[PDB]
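Numbering (the UniProt record's numbering), first residue to last: 59 to 418.
Every residue gets a Cβ at the ideal spot worked out from N, C-alpha and C, and that includes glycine.
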Ligand SMILES: CC(/C=C/C(=O)NO)=C\[C@@H](C)C(=O)c1ccc(N(C)C)cc1
Ligand SMILES: [Cl-]
Ligand SMILES: [Cl-]
Ligand SMILES: [Cl-]
Ligand SMILES: [Cl-]
Ligand SMILES: [Cl-]
Ligand code: NA
Ligand code: NA
Ligand SMILES: [Zn+2]
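So, in structure tokens, the structure goes:
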């Protein structure tokens, strides 16, 4: 049997930042603070250190267009004004001369963990990477992302490791619309995102972030959006969503690999997410996901902007990956009415496609 929890972190993840705002939320301190807490908590030393690698062109082209890859590669040589001009053509993006290099190692870090997990060298793993990936699209940056780390990893697992079915779970407080678009017509990848939505008033402000977007073509039924329409959701809301919606579908889908867009902007204290999820909740969510795919689970960091809250969320997830007993949840409680309304609506939209959801 596979044993061990992999961790990838390289100093290159700190070597890019916003050139026009020294206080930009997507900053090197996000990942260095995580690493400092993993060490203080004694968790870092229990992990198997896994080297990062740079993604190749062929791997990027599993998801991205050649023209976009070439444009991103060219940012290495642009001036600060050239970088600002290009970044402002995208939605919520900054650029930096080291962004491309770091983005290539960010992708490659996930591919390394996929290698170790799919060949049973490790049970599971976590990349402590930036830049994030889940908003990046075939031919554009978006939302602090250049390359779609997990979408590339999913297609890489299929091509290199002969995986038939991949589940991608996006618990970052934002909708990973890039992942949705990439796998829209693909029944071999099931994408589930829970995200703040507020009827479109919360970024990215897309109608396709609602639960009516279920996939298309052969992929119909394999895209599952759970939008929250009120702020302040707690652990009981996320636990209910996983138990009543995600896990029934996951056990029916029978994935061979689970990839997690592991953002921590839904954690208590995040300045953007507006949710009240205890970090300890992520130990429970991680635990639930270990039950499918024979525990083959790879997490990659997405968002999360309160340095302490994000570090605590990573630590809680890591404790589960390492096999530590699940925590007692402090502010635990039944789901609220608004969460039940959203869960019910998504179930009603996905009901025709999944027999496990037909409990009424
Ligand atoms: C993209 C994103 C988070 C993504 C994430 O977490 N993906 O999962 C947040 C946006 C709304 C944001 O907060 C922002 C802040 C400042 C800014 N400028 C100063 C121009 C532009 C955008
Ligand atoms: Cl910029
Ligand atoms: Cl290997
Ligand atoms: Cl396990
Ligand atoms: Cl709680
Ligand atoms: Cl309520
Ligand atoms: Na999400
Ligand atoms: Na799909
Ligand atoms: Zn986010």
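Coil, strand or helix - residue 192 by DSSP: By 1-based counting over the chain shown, the position of residue 192 is 134. Note: residue 192 maps to coil in three-state DSSP.
Contact belief for residue 137 with residue 158 at Cβ below 8 angstroms, rounded distance in angstroms: Working through the chain shown from its first residue, we reach residue 137 at position 79. Working through the chain shown from its first residue, we reach residue 158 at position 100. About 15 angstroms separates the two Cβ atoms, so there is no contact after all.
4-residue-minimum alpha helix (DSSP H) runs that sit fully inside the region 309-357, ordered along the chain: Secondary structure within the region 309-357: the alpha helix (DSSP H) runs of 4 or more consecutive residues, fully enclosed, are 339-347 (chain order).
Which residues DSSP lists as bridging residue 251, in chain order: By one-based count along the chain shown, residue 251 stands at place 193. Note: residue 251 is bridge-paired with 228 and 283 in the DSSP secondary-structure output.
DSSP state of residue 403 mapped onto helix, strand, coil: Residue 403 sits at position 345 when you count from the first residue of the chain shown. When DSSP states are grouped into helix, strand and coil, residue 403 belongs to the helix group.
Reduced DSSP category for residue 200 - H, G, I as helix; E, B as strand; rest coil: The sequence position of residue 200 within the chain shown is 142, counting from 1. Strand at residue 200.
Residues near residue 170 in its chain [Cβ-Cβ closer than 7 angstroms; skip 5 each side]: Start at 1 with the first residue of the chain shown, and residue 170 comes out as number 112. Cβ within range, chain order: 66, 108, 109, 110 and 111.
Extent of the continuous alpha helix (DSSP H) to which residue 236 belongs: As a working note, residue 236 is residue 178 in the chain shown. Where residue 236 is concerned, the enclosing alpha helix (DSSP H) stretches over 235-240.
Helix, strand or coil at residue 135 [DSSP, three-state]: For the purposes of this step, residue 135 is identified with residue 77 of the chain shown, where counting begins at 1. In this structure, residue 135 counts as helix in the three-state DSSP scheme.
CB of residue 351 within 8 angstroms of CB of residue 304, strictly: As a working mapping, residue 351 is identified with position 293 in the chain shown. As a working mapping, residue 304 is identified with position 246 in the chain shown. For the 8 angstroms CB-CB criterion, residue 351 and residue 304 do not form a contact.
Integer-rounded CB distance, given that residue 192 should sit under 8 angstroms from residue 240: By one-based count along the chain shown, residue 240 stands at place 182. By one-based count along the chain shown, residue 192 stands at place 134. Going by Cβ atoms, the distance from residue 240 to residue 192 rounds to 10 angstroms, so no, they are not a contact pair.
Minimum C-alpha distance to residue 205 - residue among 374, 215, 224 and 162: Locating residue 205 in the chain shown gives position 147, counting from the first residue. Per the Cα distances, 162.
Residue 202 beta carbon near ligand 1 (any heavy atom closer than 7 angstroms): For the purposes of this step, residue 202 is identified with residue 144 of the chain shown, where counting begins at 1. Taken from the Cβ of residue 202, at least one heavy atom of ligand 1 lies inside 7 angstroms.
Reduced DSSP category for residue 420 - H, G, I as helix; E, B as strand; rest coil: No answer is possible for residue 420: it lies beyond the span of the chain, which begins at 59 and ends at 418.
Secondary structure of residue 381, DSSP reduced to three states: Within the chain shown, numbered from 1, the residue matching residue 381 stands at position 323. The answer is coil: DSSP assigns residue 381 none of H, G, I, E or B.
Limits of the beta strand (DSSP E) - the one that residue 184 falls within: One-based indexing of the chain shown puts residue 184 at position 126. Start and end: 182-185.
Whole-angstrom distance between residue 258 and residue 264, CA atom to CA atom: As a working note, residue 264 is residue 206 in the chain shown. As a working note, residue 258 is residue 200 in the chain shown. Within the model, the alpha-carbon separation for residue 264 versus residue 258 is close to 6 angstroms.
heavy atom of ligand 7 below 7 angstroms from residue 261 C-beta: Here residue 261 corresponds to residue number 203 of the chain shown, with the count starting at 1. Result no, Cβ not under 7 angstroms from ligand 7.
Residue-chain proximity (residue 162, chain D), Cβ-Cβ < 8 angstroms: Reference to chain D is not applicable here, since this structure consists of a single protein chain.
Contact check, residue 292 vs residue 353, beta carbons under 8 angstroms: Position 234 of the chain shown, counted from the first residue, corresponds to residue 292. Position 295 of the chain shown, counted from the first residue, corresponds to residue 353. Taking 8 angstroms as the Cβ cut-off, residue 292 and residue 353 do not qualify as a contacting pair.
Residue 273 beta carbon near ligand 8 (any heavy atom closer than 7 angstroms): Residue mapping note: residue 273 aligns to position 215 of the chain shown, counting from 1. At least one heavy atom of ligand 8 is nearer than 7 angstroms to the Cβ of residue 273, so yes.
Opening and closing residue of the beta strand (DSSP E) in which residue 64 lies: In the chain shown, counting from the first residue as 1, residue 64 sits at position 6. Counting along the chain, the beta strand (DSSP E) containing residue 64 begins and ends at 63-66.
Cβ contact (3+ pairs, closer than 8 angstroms) linking the region 369-382 and the region 313-332: Judged by pairs of C-beta atoms under 8 angstroms, the region 369-382 touches the region 313-332, as three or more such pairs exist.
Residues bridged to residue 107 [DSSP beta-bridge criterion]: As a first step, residue 107 must be located in the chain shown, where it is residue number 49. Bridge pairing for residue 107: 65 [DSSP].
7 angstroms CB neighbourhood of residue 346 in its chain, flanking five on each side removed: Your numbering for residue 346 matches position 288 in the chain shown. Cβ neighbours of residue 346 within its own chain (closer than 7 angstroms, five residues either side excluded): 300 and 305.
Near ligand 4: residue 353 beta-carbon under 7 angstroms from a heavy atom: By 1-based counting over the chain shown, the position of residue 353 is 295. Yes, ligand 4 has a heavy atom inside 7 angstroms of this Cβ.
Among 255, 250 and 341, nearest to residue 330 - alpha-carbon criterion: Within the chain shown, the letter at position 272 stands for residue 330. The residue with the shortest Cα to Cα distance from residue 330 is 255.
Where residue 211 falls, given that 16 or more other Cβ within 10 Å makes a residue buried: As a working note, residue 211 is residue 153 in the chain shown. Burial check for residue 211: the Cβ neighbour count within 10 Å reaches 16 or more, so the residue is buried.
Residue range of the alpha helix (DSSP H) that includes residue 291: For the purposes of this step, residue 291 is taken as residue 233 along the chain shown, with counting starting at 1. Run containing residue 291: none; DSSP gives neither H nor E here.
Contact test: residue 373 Cβ vs ligand 6 heavy atom, cutoff 7 angstroms: In the chain shown, residue 373 corresponds to position 315, counting from 1. The answer is no for residue 373.
Residue 364 to residue 81 span [Cα, whole Å]: Residue mapping note: residue 364 aligns to position 306 of the chain shown, counting from 1. Residue mapping note: residue 81 aligns to position 23 of the chain shown, counting from 1. About 12 angstroms.
Heavy atom of ligand 8 within 7 angstroms of residue 241 beta-carbon: Position 183 of the chain shown holds residue 241. Relative to ligand 8, the beta carbon of residue 241 is positioned inside 7 angstroms of a heavy atom.
As assigned by DSSP and simplified to three states, the class of residue 244: The sequence position of residue 244 within the chain shown is 186, counting from 1. DSSP, read as helix, strand or coil, puts residue 244 in coil.
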